[PDB]
Protein chains: 2
Amino acid sequence: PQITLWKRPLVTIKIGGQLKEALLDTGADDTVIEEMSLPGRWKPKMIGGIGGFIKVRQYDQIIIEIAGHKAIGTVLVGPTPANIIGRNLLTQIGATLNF
Amino acid sequence: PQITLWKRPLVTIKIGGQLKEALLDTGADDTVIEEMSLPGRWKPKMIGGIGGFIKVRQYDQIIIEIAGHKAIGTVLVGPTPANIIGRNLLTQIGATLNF
Ligand SMILES: CC(C)(C)NC(=O)[C@@H]1CN(Cc2cccnc2)CCN1C[C@@H](O)C[C@@H](Cc1ccccc1)C(=O)N[C@H]1c2ccccc2C[C@H]1O
Ligand SMILES: [Cl-]
Ligand SMILES: [Cl-]
């Protein structure tokens, strides 16, 4: 689709067998989701936002469906104020910024 | 342009007669720039992201060019970790997300 920016660009995602709403975020290097369970090994990571850093769990090779489009990549899980789809997964669904 | 997301979507902006680098950020509601002088009066604002909130100065109706596209709108100034062009100005320059 073509998504305008009048409002936050929120879409439905399927991750870990769950449906969530998430923000398509070209400013985010990484994908960060609120607390949930994910399969496999993880390792801790610190990620920095406009108000400083938070600690998250990094899970690799996680399959996600983003507004109907499948991808695989790293997903960070922690106390984020918003579910965020970052560039690591936006590239995979073919998302571009156009003007 | 059509900007892919394999790297950060950084562009040159011009504000106050000076060129700066800034991030085109669909996850940002507002536009925030590192400390600089702007004309007129300012209003208080708090903006929240990962990590928490920061206090910024809100300046309205500021002339800014974004990748050569002219805009006039609200620019926040404060201790942001990065110059960010948010949706208030991305809409002015006609930007969309497409996949
Ligand atoms: C991976 C992670 C998510 C941690 N990245 C970021 O937070 C990066 C940080 N960098 C910088 C960085 C920081 C540290 C280290 N390297 C890089 C600058 C750009 N942000 C991306 C932003 O788009 C993130 C959003 C998240 C959010 C959306 C809605 C509600 C809460 C949080 C963000 O912070 N947006 C906020 C925002 C942003 C600007 C102006 C106003 C507002 C309000 C709000 O929309
Ligand atoms: Cl990845
Ligand atoms: Cl591509």
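Note: hydrogens, waters and symmetry copies are ignored here, and every other heavy atom, side chains too, is used. Counting convention: from 1, in listed order, for ligands and their atoms alike. Here is the naming used below: chain letters follow the sequence lines, and residue numbers restart at 1 for every chain.
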(request) Consider only side-chain N and O atoms of A/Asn98 and B/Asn98, and report whether a donor and an acceptor are under 3.5 Å apart. (result) yes
(request) Would you please say whether a donor-acceptor pair under 3.5 Å links the side chains of A/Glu21 and A/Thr12? (result) no
(request) Scan residues 47-58 of chain B for pairs that pass side chain to side chain donor-acceptor pair (under 3.5 Å), counting only residues two or more places apart or in two chains. (result) B/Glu35-B/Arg57, B/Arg57-B/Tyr59, B/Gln58-B/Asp60
List below, pair by pair, the N or O atoms of ligand 1 and of the protein that are less than 3.5 Å apart, including the distance to 0.1 Å; reply 'none' if no pair qualifies.
| unit_1 | atom_1 | unit_2 | atom_2 | d |
| --- | --- | --- | --- | --- |
| ligand 1 | 23 (O) | A/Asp25 | OD1 | 2.8 |
| ligand 1 | 23 (O) | A/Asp25 | OD2 | 2.7 |
| ligand 1 | 23 (O) | B/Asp25 | OD1 | 2.8 |
| ligand 1 | 23 (O) | B/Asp25 | OD2 | 2.8 |
| ligand 1 | 35 (N) | B/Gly27 | O | 3.1 |
| ligand 1 | 45 (O) | B/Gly27 | O | 3.3 |
| ligand 1 | 45 (O) | B/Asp29 | N | 3.0 |
| ligand 1 | 45 (O) | B/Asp29 | OD2 | 3.3 |

(message) My understanding is that only one of B/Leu23, B/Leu24, B/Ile33, B/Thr31 makes a side-chain contact (heavy atoms from CB on, under 4.5 Å) with B/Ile13; could you say which?
(response)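 Of B/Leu23, B/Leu24, B/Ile33, B/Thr31, side-chain contact (heavy atoms from CB on, under 4.5 Å) with B/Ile13 is met by B/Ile33 alone.
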(request) Please name the residue in the list A/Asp29, A/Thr26, A/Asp30 that meets the side-chain hydrogen bond (donor to acceptor under 3.5 Å, both in side chains) test with A/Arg87. (result)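 Only one option passes, and that is A/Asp29.
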(message) Looking at every non-hydrogen atom in both residues, tell me the closest pair between A/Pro39 and A/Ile62 and how far apart they are.
(response) O-CD1, 4.0 Å
